[PDB]
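Student: Pasting in a structure now, in structure tokens, and then I'll have a few things to ask.
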Amino acid sequence: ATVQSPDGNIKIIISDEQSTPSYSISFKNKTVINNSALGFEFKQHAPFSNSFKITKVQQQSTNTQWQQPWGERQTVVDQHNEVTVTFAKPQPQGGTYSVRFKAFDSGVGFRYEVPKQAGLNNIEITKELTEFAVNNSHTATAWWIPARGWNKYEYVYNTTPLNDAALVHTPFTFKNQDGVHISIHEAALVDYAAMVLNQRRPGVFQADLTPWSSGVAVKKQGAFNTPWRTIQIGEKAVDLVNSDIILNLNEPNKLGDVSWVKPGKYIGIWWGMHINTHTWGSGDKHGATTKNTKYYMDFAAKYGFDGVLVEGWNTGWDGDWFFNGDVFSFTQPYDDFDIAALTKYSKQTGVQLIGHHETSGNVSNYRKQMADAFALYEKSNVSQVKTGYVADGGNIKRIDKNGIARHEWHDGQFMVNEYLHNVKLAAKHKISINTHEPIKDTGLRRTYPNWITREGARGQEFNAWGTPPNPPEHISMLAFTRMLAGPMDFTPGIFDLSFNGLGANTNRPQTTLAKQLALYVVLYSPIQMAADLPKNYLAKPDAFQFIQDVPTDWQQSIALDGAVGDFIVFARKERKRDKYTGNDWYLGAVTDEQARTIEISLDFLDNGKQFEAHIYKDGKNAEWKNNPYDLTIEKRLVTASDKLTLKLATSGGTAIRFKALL
Ligand SMILES: [Ca+2]
Ligand SMILES: [Cl-]
Ligand SMILES: [Mg+2]
């Protein structure tokens, strides 16, 4: 069976001539994915592997579009050809299943659909046989993080030959020697175990499902589907970025009117604890006090921020909070945090309190309090909550039905279901969720638009204490790996880079100041933190103006240029909403450890309109190690016929507001 992208450049051939059902993929008539197996093994049920033959194919197609409530673009185009391939094996130990393929111009998605059939009752998948067999893997280059490690998704990216990527998380991005970029991920991860990729014979990446502590991967009763497996394929690195395939493979919004989900910017009592000027627990330096929160709320109201995150407000942080998962209360504040007074003050100032639920990995202690916790927050006019699941890989703690503790992975079926329960329960209270230590993004924000962002990668916090901090190349890695999954709460915007001393050997953001500004356009998130202490913004009002101006919700987004681990340039047009007319464009660009010159056409600007570019760029002598603060701010009239030369310093950047005139 064969299905092709609408433009014909991606062609999938599905076969039954090999040991098992298999598929392969060509791009512009060159094989990029060789014969790759399909099927399942179960704990007790007979396997779905060899001797299945194709009995039927059903072709259809789609040419449609839909609108996001919020997002990196307002209108999403869905154009694909589709084939459903049915496989059957005669008895004994026979069966039937189908695989549905969708071929877009930017990539492929496929999933299994196992129908009701005799003998398929309570089953436990122990292995998914799905492969991604990369052609010419010996000359391919990959940029990846290891899977099943103690630090979960929070690793710096490795740059290696593809054959060296032994066991990796997705999105898993690489290029072949032709320059074709490919990224493997998944979409709509619901009631199933996350896929990790396990390189078997060279270049053959086999699905490796994250298991329960008991050892099985996925429990199902009767007929079941898998999540979509996705293979993005593009001629250029930015073709991976500009695809909507992940969103397009998710089910439409199930929450109805979600106008209560509000994109915006926030600050927080947060960074002070990470650089040790405050504590999460009680005492002389406690961050989360009534007085401190009112001070942050005053600052937010004056400078245009919608909410204040406060961590350490609830009892249980005293001592070593990493170990306190059993004792956190999610309803009882410390005596120096007056929720009633702050609820009053939030209404007075118009600044929201943003809630915080750290579990330190004990999801059962959280689950038993979760209804009371969201009831309190709903009663307190809290609309957004940051959650947290701090624990080593494989060390989620649950209490089972018999009162016995078990350890689970963050990305097994158990936790996949646990995260979605939290998001669905929050939605009943009109609360949106920002998940730290999450399951990776698989596009579910389409279906549940209150799941607004997540961490799931090394963000700014690792620049406070990472030892080492994030390297100069980190952003340019995230842009083509982690960010292909969806929005990230990176908490950009550190203005005081010197709290541990300058140079290359201290814990600090290893960037220039202008690069901190560029992050607001380079790294998409519907909520963006101004992460620094308020006094550090007051020291640099002119630079701070960019953070005050920049929106977080976009009518259109375009990655103009870039290369994985080297640089990226984004242009985005603001969405008309609240304060924003919808006429301004924004640009952000960052580089890695190298200073870089990038020529950019401004032909993304609206034709026939005049703009004033407000350019925030590295000063002439800027360099991140000992001169990160040199900064130039320039205003220049431009139109779509103009061009710009970006000059990025070492670990530098540029941020631009294109203000439409008239
Ligand atoms: Ca974290
Ligand atoms: Cl960074
Ligand atoms: Mg590089």
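Every chain in the structure tokens has a letter given in the order shown (A, B, ...), and although residue numbers restart at 1 in each chain, ligands are simply numbered from 1 in the order shown.
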So which bits of region 432-596 of chain A end up strand (DSSP E or B) when you DSSP the backbone, as a ChimeraX atom specification?

Tutor: /A:432-435,451-454,527-529,554-563,567-574,577,580,585-591,596

Student: List as a list in words the protein and nucleic acid residues lying within 10 Å of ligand 1, with only C-alpha atoms and all ligand atoms counted.

Tutor: residues 151, 153, 154, 388, 389, 390, 391, 435, 436, 437, 438, 454, 455, 456, 457, 458, 459, 460, 461, 462, 489 and 490 of chain A

Student: To one decimal place in Å, what is the distance between CA of residue 191 (chain A) and CA of residue 260 (chain A)?

Tutor: 26.7 Å

Student: Counting only C-alpha atoms, what is within 8 Å of region 15-26 of chain A, bar same-chain residues fewer than 3 positions away, as a PyMOL selection string?

Tutor: chain A and resi 1+9-12+29-39+49-54+87

Student: Next, write the just-selected residues to a file, as a PDB file, in the first residue's frame, keeping N, CA, C and O atoms as the atom set.

Tutor:
```pdb
ATOM      1  N   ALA A   1       0.861  -1.179   0.000  1.00  0.00           N
ATOM      2  CA  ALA A   1       0.000   0.000   0.000  1.00  0.00           C
ATOM      3  C   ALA A   1       0.897   1.229   0.000  1.00  0.00           C
ATOM      4  O   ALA A   1       1.983   1.184   0.559  1.00  0.00           O
ATOM      5  N   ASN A   9       6.040  14.726  -2.304  1.00  0.00           N
ATOM      6  CA  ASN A   9       7.458  14.570  -1.975  1.00  0.00           C
ATOM      7  C   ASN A   9       7.716  13.520  -0.902  1.00  0.00           C
ATOM      8  O   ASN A   9       8.786  12.902  -0.901  1.00  0.00           O
ATOM      9  N   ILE A  10       6.791  13.321   0.028  1.00  0.00           N
ATOM     10  CA  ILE A  10       6.900  12.254   1.015  1.00  0.00           C
ATOM     11  C   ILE A  10       6.021  11.096   0.558  1.00  0.00           C
ATOM     12  O   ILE A  10       4.840  11.291   0.250  1.00  0.00           O
ATOM     13  N   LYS A  11       6.602   9.900   0.488  1.00  0.00           N
ATOM     14  CA  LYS A  11       5.899   8.707   0.025  1.00  0.00           C
ATOM     15  C   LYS A  11       6.123   7.605   1.047  1.00  0.00           C
ATOM     16  O   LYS A  11       7.271   7.298   1.383  1.00  0.00           O
ATOM     17  N   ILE A  12       5.038   7.029   1.558  1.00  0.00           N
ATOM     18  CA  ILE A  12       5.113   5.919   2.505  1.00  0.00           C
ATOM     19  C   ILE A  12       4.653   4.655   1.803  1.00  0.00           C
ATOM     20  O   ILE A  12       3.573   4.639   1.202  1.00  0.00           O
ATOM     21  N   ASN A  29      11.947  10.971  -3.567  1.00  0.00           N
ATOM     22  CA  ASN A  29      12.336   9.715  -4.203  1.00  0.00           C
ATOM     23  C   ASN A  29      13.687   9.185  -3.732  1.00  0.00           C
ATOM     24  O   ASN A  29      14.312   8.379  -4.422  1.00  0.00           O
ATOM     25  N   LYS A  30      14.140   9.592  -2.552  1.00  0.00           N
ATOM     26  CA  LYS A  30      15.264   8.958  -1.876  1.00  0.00           C
ATOM     27  C   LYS A  30      14.763   8.369  -0.570  1.00  0.00           C
ATOM     28  O   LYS A  30      14.179   9.085   0.250  1.00  0.00           O
ATOM     29  N   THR A  31      15.009   7.079  -0.365  1.00  0.00           N
ATOM     30  CA  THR A  31      14.622   6.438   0.888  1.00  0.00           C
ATOM     31  C   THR A  31      15.317   7.103   2.075  1.00  0.00           C
ATOM     32  O   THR A  31      16.550   7.166   2.126  1.00  0.00           O
ATOM     33  N   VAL A  32      14.533   7.571   3.045  1.00  0.00           N
ATOM     34  CA  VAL A  32      15.093   8.092   4.284  1.00  0.00           C
ATOM     35  C   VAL A  32      14.796   7.181   5.474  1.00  0.00           C
ATOM     36  O   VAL A  32      15.600   7.131   6.411  1.00  0.00           O
ATOM     37  N   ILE A  33      13.696   6.431   5.448  1.00  0.00           N
ATOM     38  CA  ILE A  33      13.383   5.424   6.459  1.00  0.00           C
ATOM     39  C   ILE A  33      13.282   4.086   5.740  1.00  0.00           C
ATOM     40  O   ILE A  33      12.430   3.920   4.859  1.00  0.00           O
ATOM     41  N   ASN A  34      14.157   3.143   6.097  1.00  0.00           N
ATOM     42  CA  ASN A  34      14.122   1.810   5.511  1.00  0.00           C
ATOM     43  C   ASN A  34      12.962   1.016   6.109  1.00  0.00           C
ATOM     44  O   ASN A  34      12.272   1.487   7.016  1.00  0.00           O
ATOM     45  N   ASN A  35      12.765  -0.215   5.618  1.00  0.00           N
ATOM     46  CA  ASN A  35      11.783  -1.146   6.163  1.00  0.00           C
ATOM     47  C   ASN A  35      11.830  -1.121   7.679  1.00  0.00           C
ATOM     48  O   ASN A  35      12.884  -1.357   8.276  1.00  0.00           O
ATOM     49  N   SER A  36      10.688  -0.826   8.303  1.00  0.00           N
ATOM     50  CA  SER A  36      10.587  -0.664   9.751  1.00  0.00           C
ATOM     51  C   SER A  36       9.403  -1.486  10.247  1.00  0.00           C
ATOM     52  O   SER A  36       8.300  -1.352   9.713  1.00  0.00           O
ATOM     53  N   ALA A  37       9.615  -2.295  11.286  1.00  0.00           N
ATOM     54  CA  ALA A  37       8.612  -3.260  11.725  1.00  0.00           C
ATOM     55  C   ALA A  37       7.432  -2.583  12.436  1.00  0.00           C
ATOM     56  O   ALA A  37       7.533  -1.467  12.947  1.00  0.00           O
ATOM     57  N   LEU A  38       6.308  -3.308  12.493  1.00  0.00           N
ATOM     58  CA  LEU A  38       5.096  -2.901  13.205  1.00  0.00           C
ATOM     59  C   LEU A  38       4.551  -4.093  13.991  1.00  0.00           C
ATOM     60  O   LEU A  38       4.660  -5.239  13.549  1.00  0.00           O
ATOM     61  N   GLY A  39       3.952  -3.827  15.154  1.00  0.00           N
ATOM     62  CA  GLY A  39       3.263  -4.869  15.889  1.00  0.00           C
ATOM     63  C   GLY A  39       3.411  -4.703  17.393  1.00  0.00           C
ATOM     64  O   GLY A  39       3.868  -3.668  17.881  1.00  0.00           O
ATOM     65  N   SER A  49       2.743 -10.087  15.529  1.00  0.00           N
ATOM     66  CA  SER A  49       4.027  -9.846  14.876  1.00  0.00           C
ATOM     67  C   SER A  49       4.043 -10.436  13.472  1.00  0.00           C
ATOM     68  O   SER A  49       3.558  -9.804  12.531  1.00  0.00           O
ATOM     69  N   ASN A  50       4.571 -11.643  13.311  1.00  0.00           N
ATOM     70  CA  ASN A  50       4.715 -12.209  11.974  1.00  0.00           C
ATOM     71  C   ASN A  50       3.397 -12.792  11.463  1.00  0.00           C
ATOM     72  O   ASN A  50       2.457 -13.040  12.222  1.00  0.00           O
ATOM     73  N   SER A  51       3.353 -13.027  10.147  1.00  0.00           N
ATOM     74  CA  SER A  51       2.276 -13.708   9.425  1.00  0.00           C
ATOM     75  C   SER A  51       0.992 -12.886   9.304  1.00  0.00           C
ATOM     76  O   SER A  51      -0.053 -13.440   8.943  1.00  0.00           O
ATOM     77  N   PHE A  52       1.029 -11.594   9.604  1.00  0.00           N
ATOM     78  CA  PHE A  52      -0.077 -10.699   9.275  1.00  0.00           C
ATOM     79  C   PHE A  52       0.050 -10.232   7.826  1.00  0.00           C
ATOM     80  O   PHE A  52       1.129  -9.816   7.397  1.00  0.00           O
ATOM     81  N   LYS A  53      -1.050 -10.304   7.070  1.00  0.00           N
ATOM     82  CA  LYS A  53      -1.078  -9.870   5.677  1.00  0.00           C
ATOM     83  C   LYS A  53      -2.062  -8.714   5.495  1.00  0.00           C
ATOM     84  O   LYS A  53      -3.072  -8.619   6.201  1.00  0.00           O
ATOM     85  N   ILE A  54      -1.767  -7.838   4.533  1.00  0.00           N
ATOM     86  CA  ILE A  54      -2.672  -6.738   4.206  1.00  0.00           C
ATOM     87  C   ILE A  54      -3.903  -7.295   3.504  1.00  0.00           C
ATOM     88  O   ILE A  54      -3.795  -7.976   2.478  1.00  0.00           O
ATOM     89  N   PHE A  87      -4.573  -5.340   8.613  1.00  0.00           N
ATOM     90  CA  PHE A  87      -3.760  -6.549   8.624  1.00  0.00           C
ATOM     91  C   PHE A  87      -4.547  -7.663   9.298  1.00  0.00           C
ATOM     92  O   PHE A  87      -5.270  -7.418  10.268  1.00  0.00           O
TER      93      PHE A  87
END
```

Student: Wanna dump the region 519-615 of chain A-region 635-658 of chain A contacts at 12 Å for me, each residue with its shortest atom pair and the distance in Å to one decimal, counting only C-alpha atoms, ordered by chain and number, as CSV?

Tutor:
```
residue,atom,partner,partner_atom,distance
A:519,CA,A:655,CA,8.2
A:520,CA,A:655,CA,8.3
A:521,CA,A:655,CA,7.5
A:522,CA,A:655,CA,9.1
A:543,CA,A:655,CA,10.2
A:544,CA,A:655,CA,11.8
A:545,CA,A:657,CA,10.4
A:546,CA,A:657,CA,7.6
A:547,CA,A:655,CA,9.9
A:548,CA,A:657,CA,11.2
A:549,CA,A:657,CA,8.1
A:550,CA,A:657,CA,7.6
A:551,CA,A:657,CA,10.2
A:561,CA,A:646,CA,11.8
A:565,CA,A:651,CA,11.5
A:566,CA,A:651,CA,9.8
A:567,CA,A:653,CA,9.3
A:568,CA,A:653,CA,9.7
A:569,CA,A:654,CA,9.2
A:570,CA,A:655,CA,9.7
A:571,CA,A:656,CA,9.2
A:572,CA,A:657,CA,10.0
A:573,CA,A:658,CA,9.3
A:574,CA,A:657,CA,10.4
A:582,CA,A:658,CA,11.5
A:583,CA,A:658,CA,8.9
A:584,CA,A:658,CA,5.6
A:585,CA,A:658,CA,5.0
A:586,CA,A:657,CA,4.7
A:587,CA,A:656,CA,5.0
A:588,CA,A:655,CA,4.6
A:589,CA,A:653,CA,5.3
A:590,CA,A:653,CA,4.2
A:591,CA,A:651,CA,5.5
A:592,CA,A:651,CA,5.0
A:593,CA,A:651,CA,4.9
A:594,CA,A:650,CA,4.8
A:595,CA,A:650,CA,4.2
A:596,CA,A:648,CA,5.1
A:597,CA,A:647,CA,4.7
A:598,CA,A:646,CA,5.0
A:599,CA,A:645,CA,4.6
A:600,CA,A:644,CA,5.1
A:601,CA,A:643,CA,4.4
A:602,CA,A:640,CA,4.9
A:603,CA,A:640,CA,4.2
A:604,CA,A:640,CA,6.5
A:605,CA,A:640,CA,4.9
A:606,CA,A:640,CA,6.6
A:607,CA,A:640,CA,6.1
A:608,CA,A:639,CA,7.5
A:609,CA,A:639,CA,6.5
A:610,CA,A:639,CA,5.3
A:611,CA,A:638,CA,5.3
A:612,CA,A:637,CA,4.4
A:613,CA,A:658,CA,4.4
A:614,CA,A:635,CA,4.6
A:615,CA,A:656,CA,4.5
```

Student: Quick check for you: according to DSSP on this backbone, which residues of region 543-627 of chain A are classed as helix (DSSP H, G or I)? Reply as a list in words.

Tutor: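 Across region 543-627 of chain A, those assigned helix (DSSP H, G or I) are residues 543, 544, 545, 546, 547, 548 and 549 of chain A.
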
Student: Excluding region 372-376 of chain A and residues on its chain fewer than 6 positions from it, collect all residues at most 10 Å away from it, counting only C-alpha atoms, and give them as a list in words.

Tutor: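 The residues that qualify are residues 329, 330, 331, 332, 339, 355, 357, 366, 382, 383, 385, 422, 425, 426, 427, 428, 429, 430 and 431 of chain A.
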
Student: Excluding residue 136 (chain A) and any residue of its chain fewer than 3 positions from it, enumerate the residues within 9 Å of it, using only C-alpha atoms, and give them as a tab-separated table (two decimals) with N, CA, C and O atoms, in the first residue's frame.

Tutor:
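The result, stored in selection.tsv:
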```tsv
chain	number	residue	atom	x	y	z
A	32	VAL	N	14.53	7.57	3.05
A	32	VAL	CA	15.09	8.09	4.28
A	32	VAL	C	14.80	7.18	5.47
A	32	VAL	O	15.60	7.13	6.41
A	139	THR	N	26.23	8.02	8.36
A	139	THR	CA	26.68	9.37	8.03
A	139	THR	C	25.73	10.45	8.54
A	139	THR	O	25.86	11.62	8.15
A	140	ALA	N	24.79	10.09	9.41
A	140	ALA	CA	23.84	11.06	9.94
A	140	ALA	C	24.36	11.63	11.27
A	140	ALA	O	25.18	11.03	11.97
A	176	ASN	N	20.42	13.78	7.82
A	176	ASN	CA	21.25	12.83	7.09
A	176	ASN	C	22.29	13.60	6.28
A	176	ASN	O	22.35	14.83	6.30
A	177	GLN	N	23.14	12.87	5.56
A	177	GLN	CA	24.26	13.52	4.88
A	177	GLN	C	23.79	14.40	3.72
A	177	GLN	O	24.48	15.35	3.37
A	203	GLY	N	21.13	2.17	13.41
A	203	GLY	CA	20.13	2.97	12.75
A	203	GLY	C	18.70	2.53	12.95
A	203	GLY	O	17.79	3.25	12.52
```

Student: How many Å lie between CA of residue 129 (chain A) and CA of residue 43 (chain A), rounded to one decimal?

Tutor: 13.8 Å

Student: Pick from A:75, A:67, A:432, A:279: nearest to residue 318 (chain A), with only C-alpha atoms counted?

Tutor: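 Smallest separation from residue 318 (chain A) among the options: A:279.
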
Student: For ligand 3, which residue among A:349, A:159, A:434, A:289 is the nearest when counting only C-alpha atoms and all ligand atoms?

Tutor: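 Of A:349, A:159, A:434, A:289, the one nearest ligand 3, counting only C-alpha atoms and all ligand atoms, is A:159.
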
Student: Sorted by chain and rising residue number, which residues of chain A lie within 6 Å of ligand 2, and what are their closest atom pairs and distances in Å to one decimal, counting only C-alpha atoms and all ligand atoms, as CSV?

Tutor:
```
residue,atom,partner,partner_atom_place_in_ligand_line,distance
A:470,CA,ligand 2,1 (Cl),4.8
A:474,CA,ligand 2,1 (Cl),5.6
A:475,CA,ligand 2,1 (Cl),5.9
A:509,CA,ligand 2,1 (Cl),5.6
```

Student: Could you write those residues out with N, CA, C and O atoms, as a CSV table (one decimal), in the first residue's frame?

Tutor:
```csv
chain,number,residue,atom,x,y,z
A,470,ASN,N,23.6,26.2,31.8
A,470,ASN,CA,23.3,25.8,30.4
A,470,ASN,C,24.4,26.5,29.5
A,470,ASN,O,24.8,27.6,29.7
A,474,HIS,N,22.6,26.2,24.1
A,474,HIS,CA,21.4,25.5,24.6
A,474,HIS,C,20.2,26.0,23.9
A,474,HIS,O,19.4,25.1,23.5
A,475,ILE,N,19.9,27.3,23.8
A,475,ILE,CA,18.7,27.8,23.2
A,475,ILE,C,18.6,27.3,21.7
A,475,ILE,O,17.5,26.8,21.3
A,509,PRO,N,23.5,32.6,33.6
A,509,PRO,CA,23.1,32.4,32.2
A,509,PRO,C,24.4,32.8,31.4
A,509,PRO,O,24.9,33.9,31.6
```
